[PDB]
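Inspection log for the structure reproduced underneath, given as structure tokens.
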Amino acid sequence: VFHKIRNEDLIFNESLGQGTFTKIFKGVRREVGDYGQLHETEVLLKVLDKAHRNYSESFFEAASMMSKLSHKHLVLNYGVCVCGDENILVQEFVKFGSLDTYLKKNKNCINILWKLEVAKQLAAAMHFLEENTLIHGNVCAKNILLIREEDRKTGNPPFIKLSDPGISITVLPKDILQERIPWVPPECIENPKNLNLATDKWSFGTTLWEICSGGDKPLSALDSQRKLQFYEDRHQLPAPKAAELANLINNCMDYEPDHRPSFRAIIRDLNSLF
Ligand SMILES: Cc1ccsc1CN(C)Cc1nc(N)nc(Nc2ccccc2)n1
């Protein structure tokens, strides 16, 4: 179970946006750290919409299972606030935020080597999840967090973490699942209970497409009916202009879930480039 954090020890500051049935805020947590030192720690606060309080179990169950698996590429969740009528996840505040926003802002300065490093780190996280037979279920660029930027001055590569799963697509409304095409795989549109480890290989492909596309969203021009038909006609995403990962993207976005490659094989493929 998550550590319970008192409402009295949390300060809510600015809204940073929204997710699926969630509102996101920056805040501060007062805590006692190592050696009894008092800290005021910047935190990211995810608030489940009170109207959708029925999704709270799913909201926190996935985050909890993943937080039981500590890993350098998985986000740190400090705990939860049962802040009265609010269900709140208290998460580390990552300095540079979501990768899709970062990709759009810095597209002119991100090259293939940067993209390759990030892809390898994401694949490393996903391999760890695969070995632990833990399904994430919402891999996407918005859920990749940039801990530190590349610094060619000191040779340091960028460093990323994968964020929490969110509400499970096994419980989300059908219309939300359709809007999440092409991250949600065809078999889960067919039946959300088909959620499987193979799901994350497909979404990883879509995320690689995002990483290579300057933060564009694939198929954003298609409404939900046209996204459904895209899967019905078994289309694949267009190659990114920077097409170095196009083959890997299409190999991961395989309409046959059993044919999607293991993350170990994906990592071997990534290492074989450049
Ligand atoms: C912020 C947000 C908006 C919709 S969803 C979501 C949460 N998450 C996907 C992104 C994130 N997570 C964490 N842990 N930290 C940050 N930092 C940050 C935020 C904003 C600006 C600069 C840096 N951003």
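Convention: chains lettered A, B, ... in structure tokens order; per-chain residue numbering from 1; ligands numbered from 1 as shown.
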- Task: List every residue of segment 35-107 of chain A that DSSP, applied to the backbone, labels as helix (DSSP H, G or I), and write the result as a list in words.
- Result: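 Taking segment 35-107 of chain A and keeping helix (DSSP H, G or I) gives residues 35, 36, 50, 51, 52, 53, 54, 55, 56, 57, 58, 59, 60, 61, 62, 63, 64, 65, 66, 67, 99, 100, 101, 102, 103, 104, 105 and 107 of chain A.
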**Prompt:** Leaving out segment 246-263 of chain A and any residue of its chain fewer than 5 positions from it, which residues lie within 9 Å of it when counting only C-alpha atoms, given as an MDAnalysis selection string?
**Reply:** chainID A and resid 123:124 126:128 130 185:187 196 198:199 201:209 212 231 234 236:240 268:270
request  = Check which residues fall inside 9 Å of ligand 1 when counting only C-alpha atoms and all ligand atoms, and print them as a ChimeraX atom specification.
outcome  = /A:15-20,22-26,43-46,75-77,90-99,101,141-147,163-164
Kindly save the residues from that selection, with N, CA and C atoms included, as a compact mmCIF listing (two decimals), in the first residue's frame.
```txt
# COMPACT_ATOMS: atom_id res chain seq x y z
N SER A 15 -2.28 24.88 -11.17
CA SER A 15 -2.72 23.83 -12.08
C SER A 15 -1.74 23.71 -13.24
N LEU A 16 -1.42 22.47 -13.59
CA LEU A 16 -0.53 22.19 -14.69
C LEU A 16 -1.24 21.53 -15.85
N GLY A 17 -2.47 21.11 -15.65
CA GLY A 17 -3.24 20.55 -16.73
C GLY A 17 -4.15 19.46 -16.23
N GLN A 18 -4.52 18.58 -17.16
CA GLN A 18 -5.46 17.53 -16.87
C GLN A 18 -4.99 16.25 -17.54
N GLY A 19 -5.39 15.14 -16.95
CA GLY A 19 -5.33 13.85 -17.63
C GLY A 19 -6.71 13.24 -17.67
N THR A 20 -6.78 11.94 -17.90
CA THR A 20 -8.07 11.26 -18.01
C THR A 20 -8.72 11.23 -16.64
N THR A 22 -8.56 13.34 -14.38
CA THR A 22 -7.67 13.85 -13.34
C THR A 22 -7.36 15.32 -13.59
N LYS A 23 -7.06 16.03 -12.50
CA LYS A 23 -6.54 17.38 -12.54
C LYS A 23 -5.16 17.35 -11.90
N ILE A 24 -4.21 18.06 -12.50
CA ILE A 24 -2.82 17.99 -12.10
C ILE A 24 -2.39 19.33 -11.54
N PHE A 25 -1.68 19.32 -10.42
CA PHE A 25 -1.19 20.53 -9.78
C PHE A 25 0.26 20.36 -9.34
N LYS A 26 0.98 21.47 -9.31
CA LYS A 26 2.26 21.54 -8.63
C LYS A 26 1.98 21.83 -7.17
N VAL A 43 6.39 18.76 -5.38
CA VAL A 43 5.68 17.53 -5.72
C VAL A 43 4.74 17.81 -6.88
N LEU A 44 4.40 16.74 -7.59
CA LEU A 44 3.37 16.74 -8.62
C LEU A 44 2.16 16.03 -8.03
N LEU A 45 1.00 16.69 -8.06
CA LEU A 45 -0.20 16.19 -7.41
C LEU A 45 -1.22 15.85 -8.49
N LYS A 46 -1.70 14.61 -8.50
CA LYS A 46 -2.71 14.15 -9.45
C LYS A 46 -3.99 13.88 -8.67
N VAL A 75 8.95 6.23 -12.47
CA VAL A 75 8.74 7.43 -11.65
C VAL A 75 8.61 7.06 -10.18
N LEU A 76 9.05 7.98 -9.32
CA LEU A 76 8.89 7.83 -7.87
C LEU A 76 7.57 8.44 -7.43
N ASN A 77 6.71 7.62 -6.84
CA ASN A 77 5.52 8.11 -6.15
C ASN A 77 5.78 8.11 -4.66
N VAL A 90 0.66 11.60 -4.89
CA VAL A 90 1.75 12.54 -4.64
C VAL A 90 3.01 11.96 -5.27
N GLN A 91 3.51 12.64 -6.30
CA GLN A 91 4.54 12.13 -7.18
C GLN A 91 5.74 13.07 -7.19
N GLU A 92 6.92 12.54 -7.49
CA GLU A 92 8.08 13.41 -7.65
C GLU A 92 7.79 14.42 -8.76
N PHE A 93 8.27 15.64 -8.58
CA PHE A 93 8.16 16.67 -9.59
C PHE A 93 9.39 16.58 -10.48
N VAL A 94 9.17 16.29 -11.77
CA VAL A 94 10.28 16.09 -12.70
C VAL A 94 10.54 17.41 -13.40
N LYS A 95 11.80 17.84 -13.38
CA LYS A 95 12.13 19.22 -13.73
C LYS A 95 11.66 19.60 -15.13
N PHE A 96 11.89 18.74 -16.11
CA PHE A 96 11.66 19.10 -17.51
C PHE A 96 10.35 18.56 -18.07
N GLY A 97 9.59 17.81 -17.27
CA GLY A 97 8.24 17.46 -17.63
C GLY A 97 8.13 16.41 -18.75
N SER A 98 6.94 16.39 -19.33
CA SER A 98 6.55 15.38 -20.31
C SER A 98 7.38 15.52 -21.58
N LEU A 99 7.71 14.37 -22.18
CA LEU A 99 8.58 14.41 -23.35
C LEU A 99 7.89 14.97 -24.59
N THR A 101 5.76 17.42 -24.88
CA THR A 101 5.90 18.87 -24.87
C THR A 101 7.35 19.26 -25.13
N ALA A 141 4.28 9.29 -25.13
CA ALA A 141 5.30 10.31 -24.89
C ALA A 141 4.93 11.25 -23.74
N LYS A 142 3.64 11.54 -23.56
CA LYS A 142 3.22 12.37 -22.44
C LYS A 142 3.61 11.74 -21.12
N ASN A 143 3.71 10.41 -21.08
CA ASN A 143 4.05 9.67 -19.88
C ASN A 143 5.53 9.33 -19.79
N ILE A 144 6.36 9.95 -20.63
CA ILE A 144 7.81 9.89 -20.47
C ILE A 144 8.26 11.22 -19.90
N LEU A 145 8.97 11.16 -18.78
CA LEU A 145 9.36 12.34 -18.02
C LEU A 145 10.86 12.54 -18.15
N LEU A 146 11.26 13.76 -18.51
CA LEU A 146 12.66 14.11 -18.72
C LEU A 146 13.26 14.61 -17.40
N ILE A 147 14.07 13.74 -16.78
CA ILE A 147 14.72 14.06 -15.52
C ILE A 147 15.83 15.08 -15.73
N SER A 163 6.13 7.28 -16.42
CA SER A 163 5.20 7.70 -15.39
C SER A 163 4.16 6.62 -15.10
N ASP A 164 3.25 6.92 -14.21
CA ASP A 164 2.32 5.93 -13.68
C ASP A 164 1.26 5.59 -14.72
```
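Closest approach to residue 129 of chain A among A:87, A:156, A:70, A:41: A:70, based on only C-alpha atoms.
Using only C-alpha atoms, the smallest distance between any of A:7, A:165, A:176, A:223 and residue 63 of chain A comes from A:165.
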Fill in: Which of A:37, A:67, A:229, A:224 sits closest to residue 179 of chain A [using only C-alpha atoms]
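Among A:37, A:67, A:229, A:224, it is A:224 that comes nearest to residue 179 of chain A.
In this comparison, which uses only C-alpha atoms, the residue of A:169, A:221, A:137, A:115 approaching residue 243 of chain A most closely is A:115.
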Length of the atom CA of residue 210 of chain A to atom CA of residue 266 of chain A vector [Å]: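 Distance reported for this atom pair: 16.9 Å.
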Note to self: I need the residues in segment 118-238 of chain A that are strand (DSSP E) according to DSSP; give them as a ChimeraX atom specification.
What the structure shows: /A:144-148,159-162
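Shortest atom-to-atom contact with residue 177 of chain A among A:60, A:227, A:135, A:217: A:227, counting only C-alpha atoms.
Interatomic distance, atom CA of residue 274 of chain A to atom CA of residue 244 of chain A: 9.4 Å.
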task = Find the distance between atom CA of residue 78 of chain A and atom CA of residue 3 of chain A and write it in Å to one decimal.
result =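 Result for atom CA of residue 78 of chain A versus atom CA of residue 3 of chain A: 7.0 Å, one decimal.
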